[PDB]
Each structure stands twice: as C-alpha cells, then as structure tokens.
file start.txt (compact mmCIF, C-alpha atoms and all ligand atoms)
# COMPACT_ATOMS: atom_id res chain seq x y z
CA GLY A 1 8.64 -0.18 25.39
CA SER A 2 6.57 2.70 26.70
CA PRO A 3 6.00 4.91 23.63
CA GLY A 4 7.79 8.08 24.70
CA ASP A 5 8.26 8.83 20.99
CA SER A 6 4.83 10.51 21.03
CA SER A 7 6.39 13.99 21.16
CA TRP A 8 9.02 13.62 18.42
CA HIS A 9 7.86 13.72 14.80
CA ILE A 10 10.26 12.38 12.15
CA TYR A 11 9.46 12.43 8.44
CA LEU A 12 11.02 12.71 4.99
CA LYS A 13 11.31 15.98 3.09
CA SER A 14 11.38 16.67 -0.66
CA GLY A 15 14.85 16.60 -2.18
CA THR A 16 16.13 17.27 -5.70
CA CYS A 17 15.04 14.09 -7.49
CA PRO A 18 12.38 14.47 -10.21
CA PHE A 19 9.88 12.28 -8.35
CA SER A 20 8.61 11.60 -4.83
CA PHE A 21 9.22 8.89 -2.26
CA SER A 22 5.52 8.28 -1.58
CA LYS A 23 4.68 7.96 -5.30
CA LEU A 24 7.39 5.46 -6.26
CA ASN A 25 4.98 2.58 -5.59
CA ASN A 26 2.77 3.78 -8.45
CA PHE A 27 3.33 2.38 -11.94
CA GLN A 28 6.61 4.19 -12.52
CA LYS A 29 9.20 2.68 -14.86
CA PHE A 30 13.00 2.83 -14.66
CA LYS A 31 16.05 0.78 -15.63
CA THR A 32 18.16 0.58 -12.45
CA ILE A 33 17.86 2.37 -9.12
CA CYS A 34 20.32 1.14 -6.45
CA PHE A 35 19.35 3.05 -3.34
CA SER A 36 22.03 3.66 -0.71
CA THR A 37 22.49 5.42 2.63
CA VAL A 38 25.98 6.86 1.96
CA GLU A 39 27.27 9.55 -0.37
CA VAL A 40 28.15 8.46 -3.92
CA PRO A 41 28.95 10.72 -6.91
CA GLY A 42 26.08 11.68 -9.19
CA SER A 43 23.04 10.97 -7.03
CA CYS A 44 20.11 12.99 -5.69
CA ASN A 45 18.89 12.62 -2.12
CA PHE A 46 15.93 13.01 0.28
CA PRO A 47 16.76 14.73 3.60
CA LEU A 48 15.45 13.59 6.98
CA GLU A 49 13.96 15.86 9.64
CA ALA A 50 13.24 15.69 13.37
CA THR A 51 11.13 18.10 15.42
CA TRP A 52 9.52 18.51 18.86
CA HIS A 53 5.85 19.54 18.50
CA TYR A 54 6.63 21.48 15.29
CA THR A 55 8.62 24.20 17.08
CA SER A 56 12.24 23.86 15.90
CA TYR A 57 13.46 21.94 12.85
CA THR A 58 16.75 20.12 12.30
CA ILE A 59 18.30 17.81 9.70
CA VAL A 60 19.38 14.33 10.82
CA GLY A 61 20.24 12.17 7.82
CA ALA A 62 19.51 11.48 4.15
CA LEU A 63 18.72 8.77 1.62
CA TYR A 64 20.78 8.67 -1.59
CA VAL A 65 19.22 7.29 -4.78
CA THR A 66 20.43 6.82 -8.35
CA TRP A 67 18.48 5.93 -11.49
CA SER A 68 18.63 5.70 -15.28
CA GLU A 69 15.84 5.99 -17.83
CA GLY A 70 14.43 2.72 -19.10
CA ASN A 71 11.39 0.52 -19.57
CA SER A 72 12.31 -2.64 -17.66
CA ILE A 73 11.56 -2.20 -13.93
CA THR A 74 8.13 -1.11 -12.69
CA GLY A 75 6.84 -0.36 -9.20
CA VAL A 76 3.76 -2.02 -7.71
CA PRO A 77 1.35 -0.81 -4.99
CA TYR A 78 1.36 -4.06 -3.00
CA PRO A 79 2.82 -7.56 -3.49
CA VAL A 80 -0.01 -9.71 -4.84
CA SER A 81 1.11 -13.32 -4.39
CA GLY A 82 -0.05 -16.48 -6.15
CA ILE A 83 -0.39 -15.10 -9.69
CA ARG A 84 1.67 -15.60 -12.84
CA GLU A 85 0.97 -12.37 -14.77
CA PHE A 86 0.14 -9.12 -12.99
CA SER A 87 -2.94 -7.50 -14.52
CA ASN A 88 -6.18 -5.88 -13.39
CA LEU A 89 -9.33 -4.50 -15.01
CA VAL A 90 -12.43 -2.83 -13.53
CA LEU A 91 -15.46 -2.21 -15.74
CA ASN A 92 -18.71 -0.25 -15.85
CA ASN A 93 -17.77 2.86 -13.85
CA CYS A 94 -15.06 5.46 -13.52
CA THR A 95 -11.48 4.33 -12.90
CA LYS A 96 -7.88 5.54 -13.39
CA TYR A 97 -6.38 3.37 -16.11
CA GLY B 1 49.54 45.15 12.98
CA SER B 2 51.07 46.53 9.82
CA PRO B 3 48.42 45.94 7.13
CA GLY B 4 50.19 43.31 5.05
CA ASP B 5 46.81 42.36 3.56
CA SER B 6 47.15 45.23 1.07
CA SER B 7 48.03 42.75 -1.70
CA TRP B 8 45.61 39.89 -1.05
CA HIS B 9 41.98 40.33 -2.12
CA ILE B 10 39.39 38.00 -0.56
CA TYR B 11 35.69 38.19 -1.39
CA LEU B 12 32.54 36.11 -1.80
CA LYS B 13 31.42 34.68 -5.13
CA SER B 14 27.92 33.86 -6.40
CA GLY B 15 26.75 30.37 -5.49
CA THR B 16 23.67 28.32 -6.37
CA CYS B 17 21.17 29.95 -4.01
CA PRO B 18 18.33 31.92 -5.65
CA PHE B 19 19.42 35.19 -4.02
CA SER B 20 22.57 37.14 -3.15
CA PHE B 21 24.55 37.74 0.02
CA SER B 22 24.74 41.52 -0.39
CA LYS B 23 20.97 41.84 -0.97
CA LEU B 24 19.81 39.78 2.02
CA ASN B 25 19.64 42.95 4.13
CA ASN B 26 16.87 44.30 1.89
CA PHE B 27 13.24 43.60 2.77
CA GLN B 28 13.32 39.87 2.01
CA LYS B 29 11.01 37.44 3.78
CA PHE B 30 11.62 33.83 4.81
CA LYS B 31 10.61 31.33 7.49
CA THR B 32 13.94 29.96 8.81
CA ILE B 33 17.50 30.29 7.54
CA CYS B 34 20.10 28.70 9.87
CA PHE B 35 23.43 29.53 8.28
CA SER B 36 26.35 27.20 8.96
CA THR B 37 30.00 26.79 8.01
CA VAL B 38 29.96 22.98 7.69
CA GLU B 39 28.40 20.70 5.10
CA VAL B 40 24.81 19.59 5.76
CA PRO B 41 22.52 17.76 3.31
CA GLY B 42 20.17 19.87 1.21
CA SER B 43 21.82 23.29 1.32
CA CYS B 44 23.27 25.74 -1.19
CA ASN B 45 26.52 27.60 -0.58
CA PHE B 46 28.61 30.70 -1.38
CA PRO B 47 32.25 29.94 -2.27
CA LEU B 48 35.23 32.00 -1.11
CA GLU B 49 38.13 33.25 -3.21
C1 LIG A 101 -7.53 -11.43 -22.17
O1 LIG A 101 -8.31 -12.61 -22.24
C2 LIG A 101 -7.76 -13.72 -21.51
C3 LIG A 101 -8.64 -14.91 -21.80
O2 LIG A 101 -7.96 -16.13 -21.58
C4 LIG A 101 -7.69 -13.36 -20.02
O3 LIG A 101 -7.06 -14.41 -19.30
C5 LIG A 101 -8.01 -15.07 -18.43
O4 LIG A 101 -8.44 -14.22 -17.37
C6 LIG A 101 -9.44 -14.83 -16.53
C7 LIG A 101 -9.88 -13.77 -15.55
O5 LIG A 101 -8.92 -13.59 -14.52
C8 LIG A 101 -8.88 -16.09 -15.86
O6 LIG A 101 -9.94 -16.76 -15.20
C9 LIG A 101 -9.86 -16.87 -13.75
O7 LIG A 101 -9.44 -15.65 -13.11
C10 LIG A 101 -9.66 -15.72 -11.69
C11 LIG A 101 -9.48 -14.34 -11.08
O8 LIG A 101 -10.02 -14.37 -9.76
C12 LIG A 101 -11.15 -13.47 -9.70
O9 LIG A 101 -12.25 -13.99 -10.45
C13 LIG A 101 -12.86 -15.19 -9.93
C14 LIG A 101 -13.95 -15.61 -10.90
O10 LIG A 101 -14.74 -16.62 -10.29
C15 LIG A 101 -13.39 -14.91 -8.53
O11 LIG A 101 -14.01 -16.08 -8.01
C16 LIG A 101 -12.22 -14.49 -7.62
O12 LIG A 101 -12.68 -14.26 -6.30
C17 LIG A 101 -11.50 -13.26 -8.19
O13 LIG A 101 -12.41 -12.17 -8.02
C18 LIG A 101 -8.69 -16.77 -11.10
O14 LIG A 101 -8.92 -16.89 -9.71
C19 LIG A 101 -8.89 -18.14 -11.79
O15 LIG A 101 -7.90 -19.05 -11.33
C20 LIG A 101 -8.54 -20.28 -10.93
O16 LIG A 101 -8.78 -21.09 -12.07
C21 LIG A 101 -7.60 -21.48 -12.80
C22 LIG A 101 -8.06 -22.27 -14.00
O17 LIG A 101 -8.65 -23.47 -13.53
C23 LIG A 101 -9.87 -23.72 -14.25
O18 LIG A 101 -9.63 -24.59 -15.34
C24 LIG A 101 -9.15 -25.90 -14.99
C25 LIG A 101 -8.86 -26.65 -16.28
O19 LIG A 101 -7.69 -26.08 -16.86
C26 LIG A 101 -10.20 -26.60 -14.11
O20 LIG A 101 -9.72 -27.88 -13.74
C27 LIG A 101 -10.47 -25.75 -12.86
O21 LIG A 101 -11.45 -26.38 -12.04
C28 LIG A 101 -10.89 -24.33 -13.24
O22 LIG A 101 -12.19 -24.45 -13.83
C29 LIG A 101 -6.67 -22.28 -11.87
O23 LIG A 101 -5.48 -22.61 -12.57
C30 LIG A 101 -6.34 -21.47 -10.61
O24 LIG A 101 -5.51 -22.25 -9.74
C31 LIG A 101 -5.15 -21.48 -8.57
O25 LIG A 101 -4.90 -22.34 -7.47
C32 LIG A 101 -3.77 -23.23 -7.63
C33 LIG A 101 -3.73 -24.14 -6.42
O26 LIG A 101 -4.67 -25.20 -6.63
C34 LIG A 101 -2.51 -22.37 -7.77
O27 LIG A 101 -1.37 -23.22 -7.91
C35 LIG A 101 -2.64 -21.49 -9.02
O28 LIG A 101 -1.47 -20.70 -9.19
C36 LIG A 101 -3.90 -20.62 -8.93
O29 LIG A 101 -3.63 -19.65 -7.91
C37 LIG A 101 -7.62 -20.99 -9.91
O30 LIG A 101 -8.24 -22.16 -9.38
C38 LIG A 101 -8.87 -18.02 -13.31
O31 LIG A 101 -7.53 -17.74 -13.67
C39 LIG A 101 -8.29 -17.04 -16.90
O32 LIG A 101 -7.59 -18.10 -16.25
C40 LIG A 101 -7.33 -16.31 -17.84
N1 LIG A 101 -6.87 -17.20 -18.89
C41 LIG A 101 -5.61 -17.21 -19.34
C42 LIG A 101 -5.31 -18.19 -20.43
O33 LIG A 101 -4.75 -16.46 -18.89
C43 LIG A 101 -6.89 -12.07 -19.83
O34 LIG A 101 -6.94 -11.67 -18.47
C44 LIG A 101 -7.44 -10.96 -20.72
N2 LIG A 101 -6.62 -9.77 -20.61
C45 LIG A 101 -7.11 -8.56 -20.31
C46 LIG A 101 -6.11 -7.44 -20.24
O35 LIG A 101 -8.31 -8.38 -20.12
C1 LIG A 102 -18.81 1.17 -9.20
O1 LIG A 102 -17.54 0.60 -8.90
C2 LIG A 102 -17.48 0.06 -7.57
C3 LIG A 102 -16.06 -0.40 -7.35
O2 LIG A 102 -15.63 -0.13 -6.02
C4 LIG A 102 -18.51 -1.06 -7.40
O3 LIG A 102 -18.48 -1.51 -6.05
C5 LIG A 102 -18.69 -2.94 -6.02
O4 LIG A 102 -20.07 -3.24 -5.90
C6 LIG A 102 -20.36 -4.64 -5.92
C7 LIG A 102 -21.87 -4.77 -5.91
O5 LIG A 102 -22.48 -3.72 -6.64
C8 LIG A 102 -19.69 -5.33 -4.73
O6 LIG A 102 -19.88 -6.74 -4.83
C9 LIG A 102 -20.58 -7.27 -3.68
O7 LIG A 102 -19.79 -8.23 -2.99
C10 LIG A 102 -20.43 -8.82 -1.84
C11 LIG A 102 -19.45 -9.77 -1.18
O8 LIG A 102 -18.50 -9.02 -0.43
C12 LIG A 102 -18.43 -9.55 0.91
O9 LIG A 102 -17.94 -10.90 0.91
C13 LIG A 102 -16.56 -11.06 0.53
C14 LIG A 102 -16.23 -12.55 0.55
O10 LIG A 102 -17.37 -13.29 0.12
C15 LIG A 102 -17.35 -14.58 0.78
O11 LIG A 102 -18.57 -15.28 0.57
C16 LIG A 102 -18.84 -15.69 -0.79
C17 LIG A 102 -20.20 -16.36 -0.80
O12 LIG A 102 -21.18 -15.40 -0.42
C18 LIG A 102 -17.71 -16.62 -1.25
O13 LIG A 102 -17.96 -17.03 -2.59
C19 LIG A 102 -16.37 -15.88 -1.17
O14 LIG A 102 -15.32 -16.72 -1.62
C20 LIG A 102 -16.12 -15.37 0.25
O15 LIG A 102 -15.86 -16.53 1.04
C21 LIG A 102 -15.67 -10.26 1.48
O16 LIG A 102 -14.31 -10.44 1.12
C22 LIG A 102 -16.06 -8.78 1.42
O17 LIG A 102 -15.23 -8.01 2.29
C23 LIG A 102 -14.31 -7.23 1.50
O18 LIG A 102 -14.55 -5.84 1.68
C24 LIG A 102 -14.33 -5.33 3.01
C25 LIG A 102 -14.71 -3.86 3.01
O19 LIG A 102 -16.12 -3.76 2.86
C26 LIG A 102 -12.86 -5.57 3.39
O20 LIG A 102 -12.63 -5.09 4.71
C27 LIG A 102 -12.55 -7.08 3.32
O21 LIG A 102 -11.20 -7.32 3.70
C28 LIG A 102 -12.87 -7.63 1.94
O22 LIG A 102 -11.88 -7.08 1.06
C29 LIG A 102 -17.54 -8.59 1.76
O23 LIG A 102 -17.65 -8.87 3.16
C30 LIG A 102 -21.71 -9.55 -2.29
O24 LIG A 102 -22.39 -10.07 -1.16
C31 LIG A 102 -22.64 -8.59 -3.06
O25 LIG A 102 -23.77 -9.32 -3.55
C32 LIG A 102 -24.92 -8.45 -3.60
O26 LIG A 102 -25.03 -7.83 -4.88
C33 LIG A 102 -25.26 -8.73 -5.99
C34 LIG A 102 -25.23 -7.90 -7.26
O27 LIG A 102 -23.92 -7.38 -7.43
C35 LIG A 102 -26.59 -9.45 -5.76
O28 LIG A 102 -26.84 -10.33 -6.84
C36 LIG A 102 -26.53 -10.23 -4.44
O29 LIG A 102 -27.77 -10.91 -4.22
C37 LIG A 102 -26.18 -9.31 -3.27
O30 LIG A 102 -27.33 -8.49 -3.06
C38 LIG A 102 -21.90 -7.89 -4.19
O31 LIG A 102 -21.64 -8.87 -5.19
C39 LIG A 102 -18.19 -5.03 -4.72
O32 LIG A 102 -17.60 -5.54 -3.53
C40 LIG A 102 -17.93 -3.53 -4.83
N1 LIG A 102 -16.51 -3.25 -4.90
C41 LIG A 102 -15.71 -3.66 -5.90
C42 LIG A 102 -14.27 -3.27 -5.78
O33 LIG A 102 -16.12 -4.33 -6.85
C43 LIG A 102 -19.90 -0.56 -7.76
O34 LIG A 102 -20.84 -1.63 -7.77
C44 LIG A 102 -19.89 0.09 -9.14
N2 LIG A 102 -21.20 0.62 -9.48
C45 LIG A 102 -21.84 1.59 -8.80
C46 LIG A 102 -23.18 1.98 -9.33
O35 LIG A 102 -21.35 2.12 -7.81

call {"tool": "encode", "arguments": {"input": "start.txt", "output": "structure tokens", "more": "lines below"}}
Ligand SMILES: *[C@@H]1O[C@H](CO)[C@@H](O[C@@H]2O[C@H](CO)[C@@H](O[C@@H]3O[C@H](CO[C@H]4O[C@H](CO)[C@@H](O)[C@H](O)[C@@H]4O)[C@@H](O)[C@H](O[C@H]4O[C@H](CO[C@H]5O[C@H](CO)[C@@H](O)[C@H](O)[C@@H]5O)[C@@H](O)[C@H](O[C@H]5O[C@H](CO)[C@@H](O)[C@H](O)[C@@H]5O)[C@@H]4O)[C@@H]3O)[C@H](O)[C@H]2NC(C)=O)[C@H](O)[C@H]1NC(C)=O
Ligand SMILES: *[C@@H]1O[C@H](CO)[C@@H](O[C@@H]2O[C@H](CO)[C@@H](O[C@@H]3O[C@H](CO[C@H]4O[C@H](CO[C@H]5O[C@H](CO)[C@@H](O)[C@H](O)[C@@H]5O)[C@@H](O)[C@H](O[C@H]5O[C@H](CO)[C@@H](O)[C@H](O)[C@@H]5O)[C@@H]4O)[C@@H](O)[C@H](O[C@H]4O[C@H](CO)[C@@H](O)[C@H](O)[C@@H]4O)[C@@H]3O)[C@H](O)[C@H]2NC(C)=O)[C@H](O)[C@H]1NC(C)=O
result
Amino acid sequence: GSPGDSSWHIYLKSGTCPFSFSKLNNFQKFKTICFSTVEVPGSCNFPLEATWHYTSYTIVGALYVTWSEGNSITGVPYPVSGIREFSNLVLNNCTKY
Amino acid sequence: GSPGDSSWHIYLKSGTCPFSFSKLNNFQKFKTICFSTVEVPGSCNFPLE
C-alpha cells in the first residue's frame, strides 16, 4: 500500500541469448519461442537482480527462453487494434524503415 | 593420521571461465567476484577430479 519499495531496485541483466529482452518488441522474426520460468534442457536465460541503493548485488531468479530460426512469428511494438493488415508508412522526411 | 592419500590424486580442471584458478593471485582486476559452492544462475565453474 505505502510504497516502501522505493529503496529496492530490481531489474533484468543480460544473459547468454543472442538478443535482448528490451528489443524483442522490435520487428524480430522467429519460429517458436516458448518462454518458461523453470529449467529445461537446451535454453538460454536472463538472470534477475536485487539491490539496496546500488551497494550490494545479489541474484534472485531467472527467465528461461527457447527459440528456433524461422520467418513466421514477428514481434510488434504495441497492439494496434481494429485493423486487418498491419502496415505503416511515413513519407517526406527521415525515418527508419 | 597415516597419510593414506598417497595413492589418490585430486586436483582442479579448467572450466569455462575466461581465466584460471592458479593465475587469479596475479595482478588481475575485477569489480565483484562472490565465489560459491552451490549452483546459481549465470555463473561459470571449475570441475573437480
Ligand atoms: C498499397 O496501395 C493500397 C491501395 O488500395 C493501400 O491500401 C489502402 O490504404 C489506404 C490508406 O490506409 C486505406 O484507406 C484508408 O486508410 C485509413 C487509415 O487511417 C489514417 O488515414 C485516414 C485518412 O483520412 C485518417 O483520417 C486517419 O486519422 C488515419 O490517419 C483508414 O482509417 C480507412 O478506413 C476507413 O475507411 C474504410 C473504407 O471505407 C470507405 O469506403 C467505403 C466503400 O467501400 C465507404 O462507404 C466509406 O464511407 C469510406 O469512404 C472503412 O472500411 C473503415 O471502416 C472502419 O470502421 C469500421 C466500423 O464502422 C470497422 O469495422 C473497420 O474495421 C474499420 O476500422 C474506415 O471507415 C481506409 O482504410 C485503404 O482502405 C486501403 N485499401 C485497401 C484495398 O487495402 C496499401 O496500404 C498500399 N500499401 C503500401 C505498403 O503502401
Ligand atoms: C517530419 O516528420 C514529422 C513526423 O513526426 C512531421 O510531424 C508532423 O507534422 C504535421 C504537420 O506538419 C502534424 O500534423 C498536424 O496535426 C494537427 C492535429 O493534431 C492534433 O489533433 C489530433 C486530433 O485532431 C482532432 O481534430 C480533427 C479536426 O481538427 C479531427 O479530424 C480528428 O479526428 C481529431 O478529432 C490530436 O490527436 C493530436 O494529438 C496527438 O499528439 C499529441 C502529442 O502532441 C498526443 O499526446 C496525442 O495523444 C495525439 O496522439 C493533436 O492534438 C493539425 O492541427 C495540424 O494542422 C496544421 O498544419 C496543416 C499543414 O500540415 C495546416 O494546413 C493546418 O491549417 C494547421 O496549421 C497538422 O496537420 C503531425 O502531427 C506531425 N507528426 C506526425 C507523426 O505526422 C513533420 O511535419 C515532418 N516535416 C518536418 C519539416 O518536420
């Protein structure tokens, strides 16, 4: 209720996967992913960290992710609703196509 | 008491860390290390033989 969590900072680290958690929403393409929160064979992971005012670090948990190369499943920045074919185009000055 | 360990040889191997256990005493620089003898996520290891 009262936000006593102001002192503790908890965030994700960088694991061994060949991508990043914050850049999965970009237009990245895969075949299957199947995230999980328990250990399974053949799967990279992102550790979790907890700290008090950036003095002493400790590891708390992890997130386990699998994947397989493909061209079927694509991430999206945010869920646009009400359309039938996701596309966008901005003209006449610099963009990132 | 009597050194019966004369036959058995036990030593460390080379793991997956990008350094060595016998050369950690040299002038090597880090930020934190925090050795442990139990499994924790995101950590290399030295086997025993
Ligand atoms: C390659 O070329 C093709 C050429 O066909 C491109 O496809 C066309 O792309 C156009 C541009 O998007 C489509 O036109 C409209 O796009 C609008 C996008 O919104 C932005 O732009 C408008 C422009 O005024 C702006 O106001 C708005 O704020 C946004 O900035 C859409 O909103 C719009 O949808 C509306 O119109 C359609 C069509 O209805 C029209 O025609 C009817 C007759 O068939 C007529 O009775 C209507 O009065 C109207 O004149 C309509 O279906 C939509 O309905 C919405 O609401 C209902 C609920 O009532 C909902 O159920 C439904 O799902 C909709 O949400 C809405 O009123 C236009 O789509 C154009 O439609 C595209 N044509 C085709 C065939 O796809 C293509 O993009 C190009 N590709 C590339 C890569 O460039
Ligand atoms: C380089 O690229 C950039 C891309 O970022 C581009 O920037 C665009 O610039 C154009 C103009 O040059 C901008 O278009 C303007 O849009 C104005 C309207 O925006 C207001 O109104 C929105 C809703 O309109 C209501 O009312 C109308 C009727 O008036 C109605 O039809 C609508 O349905 C609706 O009910 C409103 O949503 C919007 O707020 C958005 O943004 C805020 C943040 O600011 C956000 O918090 C909101 O949630 C929301 O997303 C805003 O309040 C419009 O008034 C304006 O018109 C003037 O210019 C035209 C010429 O263009 C004149 O003819 C006219 O007389 C006015 O003087 C103009 O059309 C556009 O928004 C910019 N951004 C994008 C992404 O396109 C640059 O132009 C490019 N070029 C250069 C050189 O930089």

call {"tool": "interface_residues", "arguments": {"input": "start.txt", "of": "chain B", "to": "chain A", "cutoff": "8 Å", "atoms": "all atoms listed in the file", "output": "PDB file with C-alpha atoms, in the frame of the given file"}}
result
ATOM      1  CA  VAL B  40      24.810  19.590   5.760  1.00  0.00           C
ATOM      2  CA  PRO B  41      22.520  17.760   3.310  1.00  0.00           C
ATOM      3  CA  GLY B  42      20.170  19.870   1.210  1.00  0.00           C
TER       4      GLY B  42
END

call {"tool": "residues_around", "arguments": {"input": "start.txt", "residues": "stretch 24-38 of chain B", "least_positions_apart": "3", "cutoff": "12 Å", "atoms": "all atoms listed in the file", "output": "number ranges by chain"}}
result
A: 55-59; B: 17-21, 41, 43-48

call {"tool": "closest_residue", "arguments": {"input": "start.txt", "among": "A:12, A:33, A:90, A:24", "to": "residue A:66", "atoms": "only C-alpha atoms"}}
result
A:33

call {"tool": "axis_aligned_box", "arguments": {"input": "start.txt", "around": "stretch 87-94 of chain A", "padding_each_side": "8 Å", "output": "JSON"}}
result
{"center_x": -10.8, "center_y": -1.0, "center_z": -14.6, "size_x": 31.8, "size_y": 29.0, "size_z": 18.5}

call {"tool": "atom_distance", "arguments": {"input": "start.txt", "atom1": "atom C2 of ligand LIG 101 (chain A)", "atom2": "atom CA of residue A:30"}}
result
27.4 Å

call {"tool": "residues_near_ligand", "arguments": {"input": "start.txt", "ligand": "ligand LIG 102 (chain A)", "cutoff": "10 Å", "atoms": "all atoms listed in the file", "output": "PyMOL selection string"}}
result
chain A and resi 90-95

call {"tool": "residues_near_ligand", "arguments": {"input": "start.txt", "ligand": "ligand LIG 101 (chain A)", "cutoff": "8 Å", "atoms": "all atoms listed in the file", "output": "ChimeraX atom specification"}}
result
/A:82-84,87-89

call {"tool": "atom_distance", "arguments": {"input": "start.txt", "atom1": "atom CA of residue B:16", "atom2": "atom CA of residue A:35"}}
result
25.8 Å

call {"tool": "atom_distance", "arguments": {"input": "start.txt", "atom1": "atom CA of residue B:13", "atom2": "atom CA of residue B:49"}}
result
7.1 Å

call {"tool": "closest_residue", "arguments": {"input": "start.txt", "among": "A:20, A:31, A:26, A:7", "to": "residue A:69", "atoms": "all atoms listed in the file"}}
result
A:31

call {"tool": "decode", "arguments": {"input": "start.txt", "residues": "chain B", "atoms": "C-alpha atoms", "output": "JSON list (two decimals), in the first residue's frame"}}
result
[["chain", "number", "residue", "atom", "x", "y", "z"],
["B", 1, "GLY", "CA", 46.78, -39.76, 10.62],
["B", 2, "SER", "CA", 48.80, -42.10, 8.45],
["B", 3, "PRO", "CA", 48.81, -40.45, 5.00],
["B", 4, "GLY", "CA", 46.67, -42.94, 3.10],
["B", 5, "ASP", "CA", 46.07, -40.25, 0.46],
["B", 6, "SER", "CA", 49.40, -41.17, -1.16],
["B", 7, "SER", "CA", 47.57, -43.02, -3.95],
["B", 8, "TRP", "CA", 44.64, -40.70, -4.70],
["B", 9, "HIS", "CA", 45.31, -37.56, -6.74],
["B", 10, "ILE", "CA", 42.71, -34.78, -6.59],
["B", 11, "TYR", "CA", 43.08, -31.51, -8.49],
["B", 12, "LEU", "CA", 41.15, -28.78, -10.29],
["B", 13, "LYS", "CA", 40.47, -28.85, -14.02],
["B", 14, "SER", "CA", 39.94, -25.97, -16.47],
["B", 15, "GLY", "CA", 36.34, -24.80, -16.70],
["B", 16, "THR", "CA", 34.54, -22.29, -18.91],
["B", 17, "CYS", "CA", 35.64, -19.07, -17.19],
["B", 18, "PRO", "CA", 37.93, -16.77, -19.20],
["B", 19, "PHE", "CA", 40.77, -17.08, -16.68],
["B", 20, "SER", "CA", 42.48, -19.68, -14.49],
["B", 21, "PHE", "CA", 42.38, -20.54, -10.80],
["B", 22, "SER", "CA", 46.17, -20.60, -10.36],
["B", 23, "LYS", "CA", 46.61, -17.18, -12.02],
["B", 24, "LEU", "CA", 43.97, -15.29, -10.03],
["B", 25, "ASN", "CA", 46.62, -14.27, -7.49],
["B", 26, "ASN", "CA", 48.43, -12.25, -10.17],
["B", 27, "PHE", "CA", 47.56, -8.58, -10.64],
["B", 28, "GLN", "CA", 44.09, -9.13, -12.08],
["B", 29, "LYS", "CA", 41.34, -6.54, -11.66],
["B", 30, "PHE", "CA", 37.59, -7.03, -11.25],
["B", 31, "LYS", "CA", 34.58, -5.41, -9.59],
["B", 32, "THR", "CA", 32.96, -8.24, -7.59],
["B", 33, "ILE", "CA", 33.53, -11.99, -7.57],
["B", 34, "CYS", "CA", 31.47, -13.84, -4.91],
["B", 35, "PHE", "CA", 32.62, -17.43, -5.16],
["B", 36, "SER", "CA", 30.18, -20.14, -4.08],
["B", 37, "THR", "CA", 29.97, -23.93, -3.89],
["B", 38, "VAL", "CA", 26.31, -24.23, -4.97],
["B", 39, "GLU", "CA", 24.64, -23.70, -8.32],
["B", 40, "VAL", "CA", 23.43, -20.16, -9.07],
["B", 41, "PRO", "CA", 22.17, -18.86, -12.44],
["B", 42, "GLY", "CA", 24.68, -17.15, -14.71],
["B", 43, "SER", "CA", 28.00, -18.46, -13.39],
["B", 44, "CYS", "CA", 30.92, -20.46, -14.76],
["B", 45, "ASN", "CA", 32.60, -23.24, -12.79],
["B", 46, "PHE", "CA", 35.79, -25.27, -12.24],
["B", 47, "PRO", "CA", 35.22, -29.05, -12.07],
["B", 48, "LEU", "CA", 36.98, -31.38, -9.63],
["B", 49, "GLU", "CA", 38.64, -34.71, -10.41]]
